[PDB]
Amino acid sequence: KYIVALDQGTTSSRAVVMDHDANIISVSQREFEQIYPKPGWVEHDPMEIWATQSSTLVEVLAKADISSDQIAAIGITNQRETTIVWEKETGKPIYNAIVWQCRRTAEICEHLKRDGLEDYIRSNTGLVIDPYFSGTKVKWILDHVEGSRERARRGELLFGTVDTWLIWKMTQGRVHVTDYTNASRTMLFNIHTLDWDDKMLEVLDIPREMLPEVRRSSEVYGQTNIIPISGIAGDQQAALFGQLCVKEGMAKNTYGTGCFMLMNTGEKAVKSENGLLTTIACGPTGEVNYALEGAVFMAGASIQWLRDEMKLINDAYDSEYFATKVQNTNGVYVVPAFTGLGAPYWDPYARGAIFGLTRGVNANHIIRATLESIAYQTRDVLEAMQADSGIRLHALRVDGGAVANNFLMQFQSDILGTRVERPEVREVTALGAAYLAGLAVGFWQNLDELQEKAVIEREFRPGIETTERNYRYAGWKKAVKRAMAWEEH
Amino acid sequence: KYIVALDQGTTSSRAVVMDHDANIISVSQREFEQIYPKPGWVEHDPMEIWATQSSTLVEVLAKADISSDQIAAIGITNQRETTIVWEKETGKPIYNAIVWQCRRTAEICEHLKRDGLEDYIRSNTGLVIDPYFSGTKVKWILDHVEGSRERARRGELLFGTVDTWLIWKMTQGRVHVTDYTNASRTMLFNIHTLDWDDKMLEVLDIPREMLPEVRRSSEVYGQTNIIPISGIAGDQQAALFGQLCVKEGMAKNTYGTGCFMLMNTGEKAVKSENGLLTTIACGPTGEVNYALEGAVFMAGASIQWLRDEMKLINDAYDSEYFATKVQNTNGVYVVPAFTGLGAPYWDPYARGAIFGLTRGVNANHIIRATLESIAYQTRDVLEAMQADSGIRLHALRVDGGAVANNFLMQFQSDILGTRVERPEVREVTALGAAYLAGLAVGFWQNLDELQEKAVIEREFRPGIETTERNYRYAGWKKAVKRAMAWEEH
Amino acid sequence: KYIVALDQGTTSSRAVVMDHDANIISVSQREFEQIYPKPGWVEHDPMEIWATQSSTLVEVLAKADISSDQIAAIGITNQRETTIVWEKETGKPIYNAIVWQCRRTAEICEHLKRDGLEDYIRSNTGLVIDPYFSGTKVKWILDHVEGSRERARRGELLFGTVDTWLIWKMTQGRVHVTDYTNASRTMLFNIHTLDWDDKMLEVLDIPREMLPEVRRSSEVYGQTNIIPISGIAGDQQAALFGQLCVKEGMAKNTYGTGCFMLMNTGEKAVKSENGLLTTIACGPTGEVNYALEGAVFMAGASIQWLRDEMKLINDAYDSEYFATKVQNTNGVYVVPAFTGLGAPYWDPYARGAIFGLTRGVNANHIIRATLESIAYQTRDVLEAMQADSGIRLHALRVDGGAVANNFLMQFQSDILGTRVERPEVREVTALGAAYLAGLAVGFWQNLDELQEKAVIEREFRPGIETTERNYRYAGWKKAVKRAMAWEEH
Amino acid sequence: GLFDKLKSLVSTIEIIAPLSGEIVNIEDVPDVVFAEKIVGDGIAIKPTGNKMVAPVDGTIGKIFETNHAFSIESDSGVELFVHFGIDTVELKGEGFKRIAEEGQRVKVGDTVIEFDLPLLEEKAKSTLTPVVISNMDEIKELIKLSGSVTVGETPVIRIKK
Ligand SMILES: Nc1ncnc2c1ncn2[C@@H]1O[C@H](COP(=O)(O)OP(=O)(O)O)[C@@H](O)[C@H]1O
Ligand SMILES: Nc1ncnc2c1ncn2[C@@H]1O[C@H](COP(=O)(O)OP(=O)(O)O)[C@@H](O)[C@H]1O
Ligand SMILES: Nc1ncnc2c1ncn2[C@@H]1O[C@H](COP(=O)(O)OP(=O)(O)O)[C@@H](O)[C@H]1O
């Protein structure tokens, strides 16, 4: 039999099928619209998200006909923090999905820093007071609809990030559930108590009647007719798991839409003194482990911008070719602060900028500089992951869409000064959610039956250009300073 | 109250709302993928079609909140001839929608011409033996699945073009219906007897158990929960109706994806001796009228090709600007025979071609020549509509996506030598389906309450370039000869 | 010391320096405007040509400072057949350079075929009655200026192709000279008598007072202050010489602006019964040898068109990448008959055309098909060179701008079914003119001192796709038929 | 009936017959790149029954889209190329049915393309099926065998690396 994985990305919706070994038999992906109502804002349509994620589901199974009774279970991985609020009864959303990227709620984060409620939230959630997290996105939806909050005490409407959104639609409204890794990302959840924090619920005034039942990452939570829905983890926490980074000090970086670097820390919650987040991840059976994290908002979403709005490339694959036509970027820096700067900066008001322009700078210099910022951003948070930990990575394990760019992986190797290990399985976010489902449904009986599938296909070592490393990076560092606090407030 | 219109195009899916006057209050449109499995082939996914048409429906009503009980009825207009066959029980299609454009079944049309079954089908259907029509697309789906036809006598699976596809999905499978204008387009329907032709069913061996109940264009056929589904017409026959071309000799041309020119002939079926089709249209209450028709496959779908595959423009709107940068096309001709040549040629094997190239020919010459072929094609079938009728149009009434190109409308005026009347309502295909629904549901009580809404906004008269008319057109004529019968058979 | 080479192309002007071994020490190139006054016409400005060729000369010498007295001699290679006529006294041209490509004089070639003067000109010149050659381009300049011909008997104005144009400007008007290979290309020269043909001078009425002194390919003809001007050959005849194809049966193909394939035949003039030309080439010391030739007008000038007018690529180098993104051309054929069809067709009225278009055809299919026509054209004249000779090439020696496209060289190998030998010296047209100059000036004492410099750097053998060879080529063959005789006459 | 559910009587490098039939000389094939070993050297097979098989143990490389020919590479580093008939891309794959996928690991005898020899005799220019080593540069000695062969059983070529 097989296990199905729903992996609902910030930009795409992909379903993927696995056999009992671990193989990918079919992968369907269905990209959808990004809604920007005002400049620092991003939004998806909750229905366009479910429309796409269903299409994919009823597409992998048909692609090679197989259905309902050759399938053990369903795992769910999803993009984190984007908040949805819907009418329980009608199953209709009272707004659009305010995405993780969106900067709309910076004013609410300011009131929260004014109050001196800064140290409480880093301590009890591991997070930062920043628009990224779910918490204050729920306050904004309630503060902009008329009567939504009273109606939320009377229970007519309820909250959820994308994992609880999708399972509700799949289980005709019956079960309404989050897992631990996904709940932690809301700023409404205590990471110690492992349950919704009630001061954090009071300062933003969310009725606890809205919230889900935070269940666990491997466990059957309901059925699906469309059959056991048994796994859930935030896509970055399941990618750490498909990478089998299930013991302490083990880490990976995903070059997806943004770049997310996490490191398992086991049973200990480590306080970041260097701009990182303390989140929750899974241990070898799907239990609560803590992790350390750096979130940058902007990796391959920058290549999406050169292709769709700027129209400089046609494919994102073409970025490798035009970038290796020039040799250097002529002095140009690109800071992709399109939705502010994530870790370790955490600046809501920073915007994207291009720097050092001269008349001889052409489009290949801009394309090469966009690819370079993915690498420099990764150096910013890696440099921070060592100061917080103590560990020194001598290799870097990667995954994502963008790891198929050989120039980026090599440039990443030179600017870092470490080796960069690349798997022949690029799809490890889906796999991490599937192992998570197979586990609960007795399909696998833990990770050692999956160890012999982490082939590390290509390896990237520092060539002789790694001697420019610091010179190149000091130009990136003075470039970021100047994109900081652009938006006035 | 309001009436809703579902207008499901070859490329887009659009829903539009009307008040009791006639106004468009909201219009949602959701474009979808075109599948080309082999070169002369086009296919849509039946589920991608319903997915889009539902999205739109549950989008116009929300766009300005209104639902189920401020709405009199639902009208359905749809792209004609594309065949779907599905599992009655599961509501799952045994193939993709073989589109009207698709050239896949040319071999079956050849066996039908070999048999001397040419004059029978022009007589009893008004149509031509050509891959365009539905008939032989159903034979190909049955001849390529294993067991599909025996299963079709035992009734497990049934046929439908897009109107019967959409209403089935909307009425949970209960009613399975076509109208007269839509049924006539299949080559399986007698236009005299006004019921399925049983010789045409035998030569292609379709079980009559597959077919729909051919009901009428204005009549409540069922309800919809999602409420009276009361109107249905093929999109070109409803555009003739929104244009109020409801009496004989009245005509219009739509510049949509293809160019379709129809003329009402009332109670008489006129035999075309000049490459046109004898189809069915509506009379002032939605009754059977006959019409005369010229179908060209290729109008704004050619501008879609310059934007998506060639990447020469970014918007289709940009075609006007780059085309009026040059003054002439330097001798270049474009023949958009991408899916063969429709009327009056009817050549399955003709393919697209560009002609007269020189080193000084740039991209604006190609863009201007693509816009010109829309105009020359329209001259080909207008010239034929006069030879078949006897009438001489002194103006040309138009509608469509592409009528917002002022250069095309003006070039159309010069190459024809007649005036070109343009409405301020571009959306008359939807409206024609809505009047059709309002009628049955007692919402309007016929067309004179809608006469004072046919304002003819801009008028285009022949400028002094109409003296080049024939010289320009004789170059188009020797260009078509050479794109003919490219594909070998 | 060094030898300088002036190589004045149809599109570029390049000067290149050689040491006593054979090395290229410096190469300057200066591209210039192509003038198209009417569609089938091409023209260069005689002054824009000399302006560029001087710039280059006074640029290689400076590039690495060296001047006048470290240089043995100057060799001249030039594009063939383009006619210039100038005022002897003022050194000002009475028109623009009517290029070899230009189709303007097709009407004069028709009068010449009407007269039955077809067999005389193939016999005494080896050429075809076609606008390509110089002869009738001189009649058109004289027939369009008022008084130019009487003034040409009184000697105020004189004729020359680009070699005699450049040496006149370099030798302040003193010497006015052509070589044998360059004179033969005019249609005004007997290839047997090796002197201007006086019937050919009468039928087009050129005063013999206009003509140059046809000197030889290696010989000091004058000095240059700017110093012995000692070599001259038409660029295709000097490329045969840099390739050391100096004995019979030896051949090469240049993929330059057009594709020119020549084969040395020694002391014999072979009559082409298969659409080729009988021209003149050099033997081991620069003596008259005869050669066999196929001229196609349109090779990398087609890639210039996609870059400059169509704007599909930015570099011609980019054609390899986008062409190898697709795998096939989807059925598309490109016939680059921009200036009619050269050998073996010789159709003045044929124009460029693109064929087999479908909605799924994108820009990479068109780019790949443009590169393919260079290969198919080369198969057309190679196939003819064997029927005229008897020889069967088992390898193909190449040179040119376009041989750096590895996809084209490989596709050329598969469509031909032979190996394709490629030198690490791409610049062999310049070198062939320089050896030609070194020879006369005692700098080298013949070719064996230059044999050990024909390294054949990359070799291309037929991969497994050569089995499609004929299928692919039969589609090219029915495509050409349809671009033939487009222009009406 | 058909016999694949039934276990079969089972079993210097050999190249086992991609097809059943009689051997013909590669130089007796009417297409010059095979007849003169331009694309490789090896032999042809005049086929007698409906399927082409994997000729060695390796990975499939390219099945052409007309499904008339495939390339494979033995783990003993040999690239063989099997191509049904000559100028067969014209049939636009009409008589073939692709059984396998391009990156596919295989063993000797595993089916890769099934055909319809009654239609192909009737329509192809030639039905003879070349099987050549397209990396001849890499190999020392080549011994060609003769007579009748049966698909997946009988050897045709012995190479020594
Ligand atoms: N060759 C490439 N070079 C750079 N970026 C790429 C490349 N291929 C894909 N991308 C980017 O990677 C992203 C897709 O990554 P993926 O991990 O599959 O999705 P997600 O970020 O939604 O989880 C897109 O933003 C895309 O632009
Ligand atoms: N300004 C324009 N100029 C030319 N073609 C246009 C222009 N605007 C839209 N189009 C074309 O018109 C078509 C849309 O027409 P429409 O009638 O609304 O849809 P349909 O053909 O599906 O019924 C598209 O093919 C689009 O490329
Ligand atoms: N990579 C390439 N692929 C195809 N064509 C090329 C490529 N590089 C250069 N070209 C073409 O080759 C031509 C230049 O060839 P060259 O022999 O140096 O000049 P010429 O034809 O004037 O003698 C140009 O027309 C250019 O477009």
# chains A, B, ... in the order shown; residues from 1 in each chain; ligands from 1
>>> residues_near_ligand(ligand="ligand 2", cutoff="8 Å", atoms="only C-alpha atoms and all ligand atoms", output="PyMOL selection string")
chain B and resi 8-13+79+235+254-258+299-304+316-320+371+399-405+408+427+429
>>> interface_residues(of="chain C", to="chain A", cutoff="12 Å", atoms="only C-alpha atoms", output="MDAnalysis selection string")
chainID C and resid 312:315 317:318 320:322 325 362:364
>>> select_by_dssp(residues="range 222-362 of chain B", states="alpha helix (DSSP H)", output="PyMOL selection string")
chain B and resi 235-242+301-308+318-323
>>> write_last_selection(atoms="N, CA and C atoms", output="short mmCIF file (atom, residue, chain, number, x, y, z; two decimals), in the first residue's frame")
data_model
loop_
_atom_site.label_atom_id
_atom_site.label_comp_id
_atom_site.auth_asym_id
_atom_site.auth_seq_id
_atom_site.Cartn_x
_atom_site.Cartn_y
_atom_site.Cartn_z
N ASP B 235 -22.74 29.54 -26.48
CA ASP B 235 -22.31 30.92 -26.37
C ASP B 235 -22.41 31.80 -27.59
N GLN B 236 -22.39 31.23 -28.80
CA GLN B 236 -22.52 32.06 -29.97
C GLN B 236 -23.96 32.38 -30.35
N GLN B 237 -24.84 31.41 -30.05
CA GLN B 237 -26.29 31.56 -30.15
C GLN B 237 -26.85 32.44 -29.03
N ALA B 238 -26.30 32.48 -27.80
CA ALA B 238 -26.74 33.47 -26.81
C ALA B 238 -26.21 34.88 -27.06
N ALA B 239 -25.09 35.04 -27.80
CA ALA B 239 -24.51 36.34 -28.11
C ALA B 239 -25.33 36.96 -29.20
N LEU B 240 -25.87 36.13 -30.09
CA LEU B 240 -26.80 36.60 -31.11
C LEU B 240 -28.04 37.13 -30.39
N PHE B 241 -28.48 36.42 -29.33
CA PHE B 241 -29.63 36.82 -28.55
C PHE B 241 -29.42 38.06 -27.68
N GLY B 242 -28.26 38.27 -27.03
CA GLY B 242 -27.99 39.49 -26.24
C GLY B 242 -27.89 40.74 -27.12
N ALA B 301 -7.43 33.80 -29.74
CA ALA B 301 -6.54 32.76 -29.25
C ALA B 301 -5.12 32.93 -29.85
N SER B 302 -5.00 33.59 -31.04
CA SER B 302 -3.74 34.00 -31.66
C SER B 302 -2.97 35.04 -30.85
N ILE B 303 -3.65 35.91 -30.12
CA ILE B 303 -3.05 36.93 -29.27
C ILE B 303 -2.63 36.29 -27.95
N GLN B 304 -3.27 35.17 -27.63
CA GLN B 304 -2.92 34.40 -26.43
C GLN B 304 -1.58 33.70 -26.70
N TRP B 305 -1.42 33.19 -27.92
CA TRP B 305 -0.20 32.57 -28.37
C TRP B 305 0.97 33.57 -28.37
N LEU B 306 0.85 34.82 -28.87
CA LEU B 306 1.94 35.79 -28.84
C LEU B 306 2.31 36.16 -27.41
N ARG B 307 1.36 36.11 -26.47
CA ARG B 307 1.59 36.46 -25.08
C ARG B 307 2.17 35.29 -24.28
N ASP B 308 1.74 34.07 -24.50
CA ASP B 308 2.12 33.00 -23.61
C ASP B 308 3.24 32.19 -24.15
N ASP B 318 -1.77 45.13 -25.08
CA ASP B 318 -0.58 45.69 -25.72
C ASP B 318 -0.49 45.47 -27.21
N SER B 319 -1.31 44.58 -27.77
CA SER B 319 -1.25 44.31 -29.19
C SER B 319 -1.65 45.52 -29.99
N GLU B 320 -2.50 46.38 -29.48
CA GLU B 320 -2.93 47.55 -30.24
C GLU B 320 -1.79 48.53 -30.45
N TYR B 321 -1.03 48.77 -29.37
CA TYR B 321 0.08 49.70 -29.38
C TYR B 321 1.22 49.31 -30.29
N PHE B 322 1.71 48.07 -30.20
CA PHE B 322 2.84 47.62 -31.01
C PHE B 322 2.49 47.43 -32.46
N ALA B 323 1.24 47.06 -32.69
CA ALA B 323 0.70 46.95 -34.03
C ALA B 323 0.59 48.35 -34.64
#
>>> residues_around(residues="residue 32 in chain B", least_positions_apart="6", cutoff="12 Å", atoms="only C-alpha atoms", output="list in words")
residues 30, 31 and 32 of chain A; 8, 9, 10, 11, 12, 13, 14, 43, 44, 45, 46, 47, 48, 49, 50, 51, 52, 53 and 55 of chain B
>>> write_last_selection(atoms="N, CA, C and O atoms", output="compact mmCIF listing (two decimals), in the first residue's frame")
# COMPACT_ATOMS: atom_id res chain seq x y z
N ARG A 30 -0.14 22.43 -7.86
CA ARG A 30 -1.14 23.34 -8.40
C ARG A 30 -0.92 24.68 -7.72
O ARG A 30 -1.27 24.89 -6.56
N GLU A 31 -0.27 25.58 -8.49
CA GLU A 31 0.09 26.92 -8.02
C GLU A 31 -1.14 27.82 -8.05
O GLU A 31 -2.08 27.58 -8.80
N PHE A 32 -1.17 28.81 -7.16
CA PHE A 32 -2.32 29.70 -7.04
C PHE A 32 -1.95 31.16 -6.78
O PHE A 32 -0.79 31.48 -6.49
N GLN B 8 -19.17 29.82 -19.61
CA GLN B 8 -17.97 29.01 -19.55
C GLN B 8 -17.34 28.93 -20.94
O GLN B 8 -17.78 28.20 -21.85
N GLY B 9 -16.29 29.77 -21.06
CA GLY B 9 -15.53 29.92 -22.30
C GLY B 9 -14.53 28.81 -22.60
O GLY B 9 -14.28 27.94 -21.75
N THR B 10 -13.95 28.87 -23.83
CA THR B 10 -12.91 27.92 -24.21
C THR B 10 -11.66 28.16 -23.37
O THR B 10 -10.98 27.22 -22.98
N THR B 11 -11.37 29.42 -23.06
CA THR B 11 -10.22 29.77 -22.22
C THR B 11 -10.53 30.21 -20.78
O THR B 11 -9.78 29.89 -19.86
N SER B 12 -11.65 30.94 -20.58
CA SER B 12 -12.05 31.44 -19.27
C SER B 12 -13.40 30.90 -18.80
O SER B 12 -14.17 30.31 -19.56
N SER B 13 -13.66 31.11 -17.50
CA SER B 13 -14.92 30.79 -16.85
C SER B 13 -15.36 32.06 -16.17
O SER B 13 -14.72 32.59 -15.27
N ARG B 14 -16.49 32.58 -16.60
CA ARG B 14 -16.96 33.81 -16.04
C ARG B 14 -18.43 33.72 -15.63
O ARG B 14 -19.24 33.09 -16.30
N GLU B 43 -7.31 19.85 -25.33
CA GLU B 43 -8.11 19.18 -24.33
C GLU B 43 -8.28 20.01 -23.09
O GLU B 43 -7.34 20.69 -22.70
N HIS B 44 -9.44 20.01 -22.44
CA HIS B 44 -9.54 20.64 -21.13
C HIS B 44 -9.87 19.52 -20.17
O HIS B 44 -10.27 18.43 -20.56
N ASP B 45 -9.64 19.80 -18.90
CA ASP B 45 -9.96 18.85 -17.86
C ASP B 45 -11.37 19.17 -17.35
O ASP B 45 -11.56 20.26 -16.81
N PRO B 46 -12.36 18.26 -17.52
CA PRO B 46 -13.74 18.41 -17.06
C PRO B 46 -13.85 18.92 -15.63
O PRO B 46 -14.69 19.76 -15.30
N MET B 47 -12.94 18.46 -14.77
CA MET B 47 -12.95 18.88 -13.39
C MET B 47 -12.35 20.27 -13.26
O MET B 47 -12.83 21.02 -12.42
N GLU B 48 -11.34 20.66 -14.07
CA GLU B 48 -10.76 22.01 -13.98
C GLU B 48 -11.74 23.09 -14.43
O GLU B 48 -11.72 24.21 -13.91
N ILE B 49 -12.64 22.66 -15.36
CA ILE B 49 -13.77 23.42 -15.90
C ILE B 49 -14.86 23.67 -14.85
O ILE B 49 -15.31 24.82 -14.70
N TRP B 50 -15.33 22.61 -14.14
CA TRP B 50 -16.31 22.74 -13.06
C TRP B 50 -15.71 23.43 -11.84
O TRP B 50 -16.38 24.22 -11.16
N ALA B 51 -14.45 23.17 -11.54
CA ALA B 51 -13.77 23.83 -10.45
C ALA B 51 -13.81 25.35 -10.63
O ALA B 51 -14.21 26.07 -9.72
N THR B 52 -13.45 25.82 -11.84
CA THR B 52 -13.46 27.23 -12.19
C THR B 52 -14.86 27.83 -12.23
O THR B 52 -15.10 28.90 -11.66
N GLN B 53 -15.82 27.14 -12.87
CA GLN B 53 -17.18 27.65 -12.96
C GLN B 53 -17.94 27.73 -11.61
O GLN B 53 -18.88 28.50 -11.44
N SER B 55 -16.13 28.28 -8.59
CA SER B 55 -15.40 29.38 -7.96
C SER B 55 -15.99 30.78 -8.22
O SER B 55 -16.22 31.58 -7.31
>>> select_by_dssp(residues="range 26-237 of chain C", states="strand (DSSP E)", output="ChimeraX atom specification")
/C:26-31,43-44,71-78,83-87,97-98,157-161,177-178,189-190,195-196,213-214,218-223,228-234
>>> closest_atom_pairs(of="chain D", to="chain B", cutoff="12 Å", atoms="only C-alpha atoms", output="JSON lines")
{"residue": "D:65", "atom": "CA", "partner": "B:38", "partner_atom": "CA", "distance": 11.2}
{"residue": "D:90", "atom": "CA", "partner": "B:488", "partner_atom": "CA", "distance": 10.5}
{"residue": "D:91", "atom": "CA", "partner": "B:489", "partner_atom": "CA", "distance": 11.2}
{"residue": "D:92", "atom": "CA", "partner": "B:38", "partner_atom": "CA", "distance": 11.2}
>>> residues_around(residues="residue 330 in chain C", least_positions_apart="4", cutoff="8 Å", atoms="only C-alpha atoms", output="list in words")
residues 39 of chain B; 361 and 365 of chain C
>>> write_last_selection(atoms="N, CA and C atoms", output="PDB file, in the first residue's frame")
ATOM      1  N   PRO B  39       0.529  17.825 -31.166  1.00  0.00           N
ATOM      2  CA  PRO B  39       0.298  19.033 -31.929  1.00  0.00           C
ATOM      3  C   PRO B  39      -1.107  19.451 -32.362  1.00  0.00           C
TER       4      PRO B  39
ATOM      5  N   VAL C 361       3.171  25.652 -29.626  1.00  0.00           N
ATOM      6  CA  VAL C 361       4.498  26.036 -30.088  1.00  0.00           C
ATOM      7  C   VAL C 361       4.948  27.322 -29.417  1.00  0.00           C
ATOM      8  N   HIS C 365      10.908  26.639 -29.752  1.00  0.00           N
ATOM      9  CA  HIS C 365      10.680  25.816 -30.925  1.00  0.00           C
ATOM     10  C   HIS C 365      11.085  26.549 -32.185  1.00  0.00           C
TER      11      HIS C 365
END
>>> residues_around(residues="residue 334 in chain A", least_positions_apart="4", cutoff="12 Å", atoms="only C-alpha atoms", output="PDB file with C-alpha atoms, in the first residue's frame")
ATOM      1  CA  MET A 298      12.514  35.813   0.911  1.00  0.00           C
ATOM      2  CA  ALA A 299      14.459  33.058  -0.958  1.00  0.00           C
ATOM      3  CA  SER A 302      12.608  36.620  -5.192  1.00  0.00           C
ATOM      4  CA  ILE A 303      13.045  34.473  -8.352  1.00  0.00           C
ATOM      5  CA  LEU A 306      12.029  38.391 -11.511  1.00  0.00           C
ATOM      6  CA  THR A 329      27.513  41.352  -9.957  1.00  0.00           C
ATOM      7  CA  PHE A 338       9.692  42.717   0.283  1.00  0.00           C
ATOM      8  CA  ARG A 351      11.558  47.161   2.167  1.00  0.00           C
ATOM      9  CA  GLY A 352      13.316  45.540  -0.838  1.00  0.00           C
ATOM     10  CA  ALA A 353      16.166  47.518  -2.447  1.00  0.00           C
ATOM     11  CA  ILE A 354      18.816  47.259  -5.193  1.00  0.00           C
ATOM     12  CA  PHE A 355      22.159  48.960  -4.597  1.00  0.00           C
ATOM     13  CA  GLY A 356      25.467  50.039  -6.182  1.00  0.00           C
ATOM     14  CA  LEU A 357      24.077  50.772  -9.683  1.00  0.00           C
ATOM     15  CA  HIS A 365      24.001  41.333 -12.695  1.00  0.00           C
ATOM     16  CA  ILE A 366      20.572  41.825 -11.073  1.00  0.00           C
ATOM     17  CA  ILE A 367      19.602  38.151 -11.625  1.00  0.00           C
ATOM     18  CA  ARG A 368      22.975  36.983 -10.134  1.00  0.00           C
ATOM     19  CA  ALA A 369      22.597  39.352  -7.218  1.00  0.00           C
ATOM     20  CA  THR A 370      19.085  38.010  -6.481  1.00  0.00           C
ATOM     21  CA  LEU A 371      20.504  34.475  -6.269  1.00  0.00           C
ATOM     22  CA  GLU A 372      23.325  35.767  -4.071  1.00  0.00           C
ATOM     23  CA  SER A 373      21.069  37.245  -1.426  1.00  0.00           C
ATOM     24  CA  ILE A 374      19.578  33.777  -0.741  1.00  0.00           C
ATOM     25  CA  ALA A 375      23.161  32.703   0.225  1.00  0.00           C
ATOM     26  CA  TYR A 376      24.032  35.781   2.308  1.00  0.00           C
ATOM     27  CA  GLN A 377      20.762  35.532   4.284  1.00  0.00           C
ATOM     28  CA  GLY A 475      29.025  44.672   1.135  1.00  0.00           C
ATOM     29  CA  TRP A 476      25.818  42.682   1.908  1.00  0.00           C
ATOM     30  CA  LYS A 477      26.031  43.905   5.521  1.00  0.00           C
ATOM     31  CA  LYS A 478      26.191  47.622   4.709  1.00  0.00           C
ATOM     32  CA  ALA A 479      23.429  47.109   2.093  1.00  0.00           C
ATOM     33  CA  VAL A 480      20.947  45.734   4.666  1.00  0.00           C
ATOM     34  CA  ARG A 482      20.143  50.964   4.274  1.00  0.00           C
ATOM     35  CA  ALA A 483      17.019  48.940   3.434  1.00  0.00           C
TER      36      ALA A 483
END
>>> residues_around(residues="residue 423 in chain C", least_positions_apart="4", cutoff="8 Å", atoms="only C-alpha atoms", output="mmCIF file with N, CA, C and O atoms, in the first residue's frame")
data_model
loop_
_atom_site.group_PDB
_atom_site.id
_atom_site.type_symbol
_atom_site.label_atom_id
_atom_site.label_comp_id
_atom_site.auth_asym_id
_atom_site.auth_seq_id
_atom_site.Cartn_x
_atom_site.Cartn_y
_atom_site.Cartn_z
ATOM 1 N N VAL C 398 34.800 22.471 -41.050
ATOM 2 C CA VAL C 398 34.040 23.706 -40.929
ATOM 3 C C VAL C 398 34.760 24.885 -40.311
ATOM 4 O O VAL C 398 35.793 24.797 -39.655
ATOM 5 N N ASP C 399 34.157 26.045 -40.517
ATOM 6 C CA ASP C 399 34.676 27.252 -39.911
ATOM 7 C C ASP C 399 33.575 28.298 -39.933
ATOM 8 O O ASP C 399 32.601 28.166 -40.685
ATOM 9 N N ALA C 454 46.751 23.111 -38.160
ATOM 10 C CA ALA C 454 45.430 22.629 -38.463
ATOM 11 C C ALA C 454 45.175 21.467 -37.513
ATOM 12 O O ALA C 454 45.217 20.269 -37.820
ATOM 13 N N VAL C 455 45.006 21.891 -36.270
ATOM 14 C CA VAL C 455 44.563 20.993 -35.222
ATOM 15 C C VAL C 455 43.050 20.926 -35.432
ATOM 16 O O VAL C 455 42.452 21.974 -35.700
ATOM 17 N N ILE C 456 42.402 19.760 -35.351
ATOM 18 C CA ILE C 456 40.963 19.722 -35.535
ATOM 19 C C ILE C 456 40.246 19.375 -34.223
ATOM 20 O O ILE C 456 39.588 18.361 -34.002
ATOM 21 N N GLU C 457 40.428 20.405 -33.372
ATOM 22 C CA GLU C 457 39.947 20.553 -32.005
ATOM 23 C C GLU C 457 38.780 19.726 -31.481
ATOM 24 O O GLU C 457 38.951 19.038 -30.476
ATOM 25 N N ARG C 458 37.583 19.808 -32.065
ATOM 26 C CA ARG C 458 36.479 18.978 -31.633
ATOM 27 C C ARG C 458 35.997 18.233 -32.844
ATOM 28 O O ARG C 458 36.054 18.743 -33.954
#
>>> residues_around(residues="residue 150 in chain D", least_positions_apart="5", cutoff="12 Å", atoms="only C-alpha atoms", output="ChimeraX atom specification")
/D:16-23,45-53,55,109,155-156
>>> decode(residues="range 28-32 of chain C", atoms="C-alpha atoms", output="compact mmCIF listing (two decimals), in the first residue's frame")
# COMPACT_ATOMS: atom_id res chain seq x y z
CA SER C 28 39.23 43.92 -33.67
CA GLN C 29 35.77 43.80 -35.11
CA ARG C 30 33.38 46.65 -35.87
CA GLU C 31 29.81 45.81 -36.86
CA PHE C 32 27.79 48.22 -39.01
